[PDB]
Every structure is written in C-alpha cells, then in structure tokens.
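Input: a single structure, listed below in structure tokens.
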Amino acid sequence: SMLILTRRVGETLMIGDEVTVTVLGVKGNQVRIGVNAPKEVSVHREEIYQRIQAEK
Amino acid sequence: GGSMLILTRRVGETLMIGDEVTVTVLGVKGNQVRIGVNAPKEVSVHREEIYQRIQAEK
Amino acid sequence: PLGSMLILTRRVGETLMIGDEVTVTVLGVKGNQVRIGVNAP
Amino acid sequence: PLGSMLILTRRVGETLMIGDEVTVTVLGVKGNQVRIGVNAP
Amino acid sequence: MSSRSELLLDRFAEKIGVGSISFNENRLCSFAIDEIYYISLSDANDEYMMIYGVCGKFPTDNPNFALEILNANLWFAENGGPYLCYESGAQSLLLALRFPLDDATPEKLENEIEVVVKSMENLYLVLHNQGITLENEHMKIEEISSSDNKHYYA
Amino acid sequence: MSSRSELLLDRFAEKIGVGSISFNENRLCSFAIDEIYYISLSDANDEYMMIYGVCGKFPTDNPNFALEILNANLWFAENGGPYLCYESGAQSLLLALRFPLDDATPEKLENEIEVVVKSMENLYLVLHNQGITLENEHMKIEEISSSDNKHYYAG
C-alpha cells in the first residue's frame, strides 16, 4: 500500500504517530527533507542501506 | 666553525652527550640519516626548524 | 533553528527509510511542490 | 624493536635539538658514515 | 586590491546570495548554506583556503564518542572527504577540507563546500541512528585555538 | 595477480627488498620500512590504495588525548594528509592516507609512504615532548574492524 500525496515547501506529512516529515526546500530536482523521529527509529538513505546489506 | 665538536660515527654506532642522552646512527640513505635518541622524559627533542617556527608564533 | 530535526537531501527518484517498514520516495518536483510516495506498514 | 628510542630523520645540514643546551647537526655523509656536529656545555 | 581569496569570496557571495561576507582579524569568516549549515572559511595561506563545517558542540561526557569519531576518519580518508576534527577553543566538532586557490572558481568553491555539507548531512544521520544529537552553540568560528604542535602535524 | 594494485605491490616489494609481500584475505599486507616503521597497505578499491602507518596502541586512561588527536586533525588537514584515526579492532592509533592508482609508480608510492613516515616521526616527537610514549602492540594490521556507517562517511 503506497500512499501518493503532494506537499509544498513548508508543509508536513505524518507517518504513524511519532514521525513527521517536513518539506524544507526545493533546488532543481533536489528536495531538502526534515525528519522528526524517536531515537530508536532509524533513518537511512535507501541506496546506502542496500549497499550495506549487499555485503552480506 | 658553527659546531663546537665535530666527529664521525658509522651506522649502528653511538654518541653520548652527558650520561643521560644517547644518539644512535640508525641508517643512512642518500643524504638523510636515521637518528635515534634515548633521553629522559622531561628532556624535549625538536627538529630545529620546527622549533624556530614555534618561536615565530610570537 | 530546527532543533533535533534530521535534514536530508533527496532527488526525484530517491528514497528515504524510516524504521524497518516505512519508505518515502520523491516521485516528482516542480516549483515549490513535490510529490511523495509513502509505503505503509 | 627499538624500545623507547625516539627516531627522526635528518638531512645533511639539518639540526636536532635535545633539551635547551644541546644540538646535533648532520654535517656530511659518505657510505654508512656520518659527520656530526655537536653543541653542548 | 584584495587577495585572490578575498576576491574569490566576494564573487562566491554574489553567486550564492549572501549579502557581504568578509574575513575578520583572525582571517576567518562564517556564513550559512541554505540557512541550515554553518560554514567557516579560513584565509590562512595564500596557496590554500580552509573550509570548516561546524557540526556541533563536542559531547562533553562521552569518551567513546571521540574514539568513534577517530574511527570514522578511516573511511573519510578512503573517500577523500573532509577531516573529522575538534576545535578546542569553541569545543566544536568540525569537518575540515583544504581548498586550493590555483584555478579556483566560485563553481569549484561551491562544489567543495557542498562536499562538506553532504558530509555533515551523512554525519548527522549516523549520529541520529546512534541516538546522538549534537548541541548547537558557537557555530561561527571567530577564532581557532592555536597549539605549538601544529607545525609538526605535517 | 589480478589488478594494477597487485602489480604495484609486487614491484614495490622488489624495490624495497622486503621479500614476498601479498595482500591477504582482507587485502591487507603489513611490512616494515627500514625495519622501524610499521606500515600496512590495503587494496581499498579498484581506484585507490590505502596507506596505514601504525603508530601504536591507543592510550586507555587519557580521554583528553583523544581530543588532542582530534585537534591535530585540523592541522593535518591543512597540510594534505595523513588522517589521524583510531582502529577499533587493534585499539591502535594510526595515520591513514589514500594513494591514487592512476599513473602510480613504486617511486611515488615510496614517497607517499615517506610522508606517512615523516608524520609518524613528528607524532612520536610531539608525544615524547608531552611525556607520552605509545606501547608497541599489535602493529601489523591483518584485518580492519569494519563499521556499517562506512558508506555514509563520504561527501
């Protein structure tokens, strides 16, 4: 279930009860993204996480 | 005549200054010499040009 | 100024992992508007 | 395998300081032999 | 006129959009990248410029943290990235990167500052994943604390 | 041999006369320059080689020491390497410096290693003047304790 939505710079979306994602800015096709999440909730660049796990 | 005592030492030989400092010629390669120094922990050892620039920071 | 907020950069097509089962993908960008894809647990 | 010995390289014409009163200068080199200039009280 | 680093800095300021950035008594200036990242520039030598990405106040209580930062310098060395450093005057954690002034261009200066910013992003992510958030104080490097040993560190 | 990095290592072991040197299981080979300085080489990737100068065992008591080492990285950054680092496996202080494999000759590799050696000497010197001598334990790096965060440590 992939939820597709739209936000503008300065706007926010909630994921669950403890995580909020903020659209901080746009430069070209790059989006600055803010994340509020607890300590135990890890944040990863997905391509970096996949390279980590590809090495066993 | 810049140095008071001039002498020669071969690789593996030793020169003593006083009785608490020992200078060892460890190796020679080209015009650079590996030098070993045994000295008390409070006696400081410096490359003279680096010490001069430590003085340059007035 | 933003407190403990973690700030990342994501280009169109790049994905962000949150936790073990949440992913956020930048699906498109124009102006100050971006489209986001959130995979739900 | 040199223990607590302090080791440093000196080119011909470079000087080594020991304490405040002693200097050791590499004056010349031939083969495995070195000419050393020493200043000490 | 100006040194070719001061002229480069004014030209980079106009290209990025910050009003007027100038070096100070200690040949240091500080500014904000996208109003998020504190970058300081040092006009130390006429052959190189220093880029400092101030990450945050160094954890006063964590002895393992310094060792983890040193251990991360391994992989920063592999990737040719900036150096993880500690500024003792402000007790800040820094990312330091040398920028050569020969063939220097505002485009290259921006791209190297971007490398510093990207490294800051990835470090902030790693620190967050370890449950660490660095305090945000003394982010503008007014002055670097000097040491006698700095001339030997080469 | 299967890379220009292996051919570089073989020609370098010939030029120095350290005998037969070969990258091990983890592509880490350790040797001694002048039978004095412990240096390890890692075939990091197909584009770069890593030169590690193992200074000694990291002090266990002084926490301020880690702060001094970190502060020293400021000035090592001004002078173009090497990097003062900590290796978690052997608990050792070391100087790391990458070597480009483009146009790489054993003379260049030897000169870069000499830059590591000069830095090791300077570090030994400043530690002695501070009153510190590093214990000489676990000098040969056969394996590097890897961190999952290594892929994030880049710009």
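Going through the structure tokens in order, the chains are called A, B, and so on, while each chain numbers its residues from 1 and the ligands are numbered from 1 in the order shown.
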Define the interface residues of chain C facing chain A as those within 6 Å, counting only C-alpha atoms, and report them as a list in words.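 Matching residues, ligands excluded from the count: residues 5, 6, 7, 8, 9, 10, 11, 12, 15, 16, 17, 18, 19, 29, 32, 33, 34, 35, 36, 37, 38, 39 and 40 of chain C.
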Would you list the contacts of stretch 67-79 of chain E as a PyMOL selection string, taking every protein, DNA or RNA residue within 9 Å and counting only C-alpha atoms, but skipping same-chain residues closer than 2 positions in sequence? (chain E and resi 63-65+81-85) or (chain F and resi 44+48-50+66+69-70+81-88+93+95-98+147+149-155)
Can you write out as CSV which residues of chain A fall within 8 Å of chain F, alongside each residue's closest atom pair and its distance in Å to one decimal, counting only C-alpha atoms and ordering rows by chain and ascending residue number?
residue,atom,partner,partner_atom,distance
A:48,CA,F:151,CA,6.5
A:51,CA,F:151,CA,7.9
A:52,CA,F:148,CA,6.4
For the residues in that selection, give me N, CA, C and O atoms as a CSV table (one decimal), in the first residue's frame.
chain,number,residue,atom,x,y,z
A,48,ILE,N,22.1,3.6,0.3
A,48,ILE,CA,23.2,3.3,1.2
A,48,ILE,C,22.9,2.1,2.0
A,48,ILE,O,23.8,1.3,2.3
A,51,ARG,N,23.4,-1.0,-0.1
A,51,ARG,CA,24.9,-1.3,-0.3
A,51,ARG,C,25.4,-2.0,1.0
A,51,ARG,O,26.3,-2.9,0.9
A,52,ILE,N,25.0,-1.5,2.1
A,52,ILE,CA,25.4,-2.1,3.4
A,52,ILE,C,25.0,-3.6,3.5
A,52,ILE,O,25.9,-4.4,3.8
Write down, as an NGL selection string, each residue of chain B that has any atom within 9 Å of an atom of chain D, counting only C-alpha atoms. :B and (2-11 or 17-18 or 21 or 23 or 25-39 or 42-49 or 51)
Write out as a list in words which residues come within 7 Å of residue F:56 when counting only C-alpha atoms, dropping same-chain ones fewer than 6 positions away. residues 92, 93, 134, 135, 136, 137 and 139 of chain F
Could those selected residues go to a file with C-alpha atoms, as an mmCIF file, in the first residue's frame?
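Contents of selection39.cif, as written:
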data_model
loop_
_atom_site.group_PDB
_atom_site.id
_atom_site.type_symbol
_atom_site.label_atom_id
_atom_site.label_comp_id
_atom_site.auth_asym_id
_atom_site.auth_seq_id
_atom_site.Cartn_x
_atom_site.Cartn_y
_atom_site.Cartn_z
ATOM 1 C CA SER F 92 45.585 1.376 17.719
ATOM 2 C CA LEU F 93 46.310 4.927 16.670
ATOM 3 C CA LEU F 134 52.927 4.642 22.803
ATOM 4 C CA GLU F 135 53.068 0.952 23.620
ATOM 5 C CA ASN F 136 54.154 -1.022 20.563
ATOM 6 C CA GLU F 137 51.465 -3.707 20.463
ATOM 7 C CA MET F 139 51.480 -3.285 14.837
#
If you count only C-alpha atoms, which residues fall within 12 Å of residue E:20, apart from same-chain ones fewer than 3 positions away, as a tab-separated table (two decimals) with N, CA, C and O atoms, in the first residue's frame?
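Result file follows (around-v7.tsv):
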chain	number	residue	atom	x	y	z
E	6	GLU	N	40.07	36.82	-1.05
E	6	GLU	CA	39.03	37.79	-0.75
E	6	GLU	C	38.21	38.12	-1.99
E	6	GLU	O	36.99	38.28	-1.92
E	7	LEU	N	38.87	38.22	-3.15
E	7	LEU	CA	38.15	38.47	-4.39
E	7	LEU	C	37.28	37.27	-4.75
E	7	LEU	O	36.14	37.43	-5.20
E	9	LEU	N	35.99	35.25	-2.56
E	9	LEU	CA	34.92	35.18	-1.58
E	9	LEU	C	33.79	36.14	-1.93
E	9	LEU	O	32.61	35.79	-1.81
E	10	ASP	N	34.13	37.37	-2.33
E	10	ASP	CA	33.10	38.31	-2.77
E	10	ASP	C	32.37	37.79	-4.00
E	10	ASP	O	31.15	37.95	-4.12
E	11	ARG	N	33.10	37.16	-4.92
E	11	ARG	CA	32.47	36.62	-6.13
E	11	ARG	C	31.60	35.41	-5.80
E	11	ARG	O	30.56	35.21	-6.42
E	12	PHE	N	32.02	34.61	-4.81
E	12	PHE	CA	31.19	33.48	-4.38
E	12	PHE	C	29.96	33.95	-3.62
E	12	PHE	O	28.89	33.34	-3.72
E	13	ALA	N	30.09	35.04	-2.85
E	13	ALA	CA	28.96	35.56	-2.10
E	13	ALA	C	27.86	36.05	-3.04
E	13	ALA	O	26.67	35.75	-2.84
E	14	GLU	N	28.24	36.80	-4.07
E	14	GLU	CA	27.27	37.27	-5.06
E	14	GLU	C	26.65	36.11	-5.83
E	14	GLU	O	25.50	36.20	-6.27
E	15	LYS	N	27.39	35.01	-6.01
E	15	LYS	CA	26.87	33.88	-6.77
E	15	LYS	C	25.89	33.05	-5.95
E	15	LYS	O	24.99	32.42	-6.52
E	16	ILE	N	26.03	33.06	-4.63
E	16	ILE	CA	25.20	32.25	-3.75
E	16	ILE	C	24.01	33.04	-3.20
E	16	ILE	O	22.89	32.53	-3.17
E	17	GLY	N	24.24	34.28	-2.78
E	17	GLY	CA	23.12	35.10	-2.37
E	17	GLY	C	23.21	35.61	-0.95
E	17	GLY	O	22.20	36.05	-0.39
E	23	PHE	N	36.46	38.34	5.72
E	23	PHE	CA	37.33	37.78	6.74
E	23	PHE	C	37.55	38.79	7.86
E	23	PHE	O	37.45	40.00	7.67
E	29	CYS	N	35.88	33.86	8.32
E	29	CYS	CA	34.53	34.32	8.08
E	29	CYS	C	33.59	33.14	8.24
E	29	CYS	O	34.00	31.98	8.16
E	30	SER	N	32.31	33.45	8.48
E	30	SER	CA	31.31	32.41	8.72
E	30	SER	C	30.01	32.82	8.06
E	30	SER	O	29.64	34.00	8.03
E	31	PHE	N	29.30	31.82	7.53
E	31	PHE	CA	28.05	32.07	6.81
E	31	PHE	C	27.24	30.78	6.79
E	31	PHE	O	27.72	29.72	7.21
Could you please write out, as a PyMOL selection string, every residue of chain E that DSSP assigns to alpha helix (DSSP H)? chain E and resi 4-16+63-78+106-129
Now that the selection is made, can you save its residues with C-alpha atoms as a tab-separated table (two decimals), in the first residue's frame?
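The resulting result.tsv:
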chain	number	residue	atom	x	y	z
E	4	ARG	CA	42.72	36.42	-4.62
E	5	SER	CA	40.91	34.64	-1.78
E	6	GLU	CA	39.03	37.79	-0.75
E	7	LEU	CA	38.15	38.47	-4.39
E	8	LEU	CA	37.01	34.85	-4.75
E	9	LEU	CA	34.92	35.18	-1.58
E	10	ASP	CA	33.10	38.31	-2.77
E	11	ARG	CA	32.47	36.62	-6.13
E	12	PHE	CA	31.19	33.48	-4.38
E	13	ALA	CA	28.96	35.56	-2.10
E	14	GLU	CA	27.27	37.27	-5.06
E	15	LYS	CA	26.87	33.88	-6.77
E	16	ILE	CA	25.20	32.25	-3.75
E	63	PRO	CA	34.68	9.11	25.90
E	64	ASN	CA	33.63	6.51	23.34
E	65	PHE	CA	32.34	9.30	21.09
E	66	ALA	CA	35.80	10.75	20.40
E	67	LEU	CA	37.06	7.24	19.61
E	68	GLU	CA	34.13	6.67	17.26
E	69	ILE	CA	34.88	9.96	15.51
E	70	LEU	CA	38.53	8.96	15.13
E	71	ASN	CA	37.46	5.55	13.79
E	72	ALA	CA	35.21	7.28	11.25
E	73	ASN	CA	38.22	9.25	9.97
E	74	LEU	CA	39.38	5.94	8.48
E	75	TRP	CA	36.51	5.81	6.00
E	76	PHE	CA	36.61	9.57	5.45
E	77	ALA	CA	40.24	9.05	4.40
E	78	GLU	CA	39.26	6.30	1.94
E	106	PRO	CA	33.27	30.12	-7.47
E	107	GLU	CA	31.80	26.98	-9.04
E	108	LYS	CA	34.54	24.81	-7.54
E	109	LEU	CA	34.40	26.56	-4.16
E	110	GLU	CA	30.64	25.96	-4.06
E	111	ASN	CA	31.11	22.31	-5.06
E	112	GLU	CA	33.70	21.73	-2.33
E	113	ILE	CA	31.53	23.45	0.28
E	114	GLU	CA	28.75	21.16	-0.96
E	115	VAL	CA	31.02	18.17	-0.25
E	116	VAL	CA	31.38	19.47	3.30
E	117	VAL	CA	27.61	19.98	3.56
E	118	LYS	CA	26.94	16.47	2.23
E	119	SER	CA	29.37	15.05	4.80
E	120	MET	CA	27.60	17.00	7.54
E	121	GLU	CA	24.27	15.53	6.38
E	122	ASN	CA	25.60	11.97	6.48
E	123	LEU	CA	27.23	12.50	9.88
E	124	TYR	CA	24.03	13.95	11.35
E	125	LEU	CA	22.25	10.85	10.03
E	126	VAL	CA	24.81	8.48	11.56
E	127	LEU	CA	24.70	10.33	14.89
E	128	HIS	CA	20.90	10.22	14.90
E	129	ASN	CA	20.94	6.47	14.24
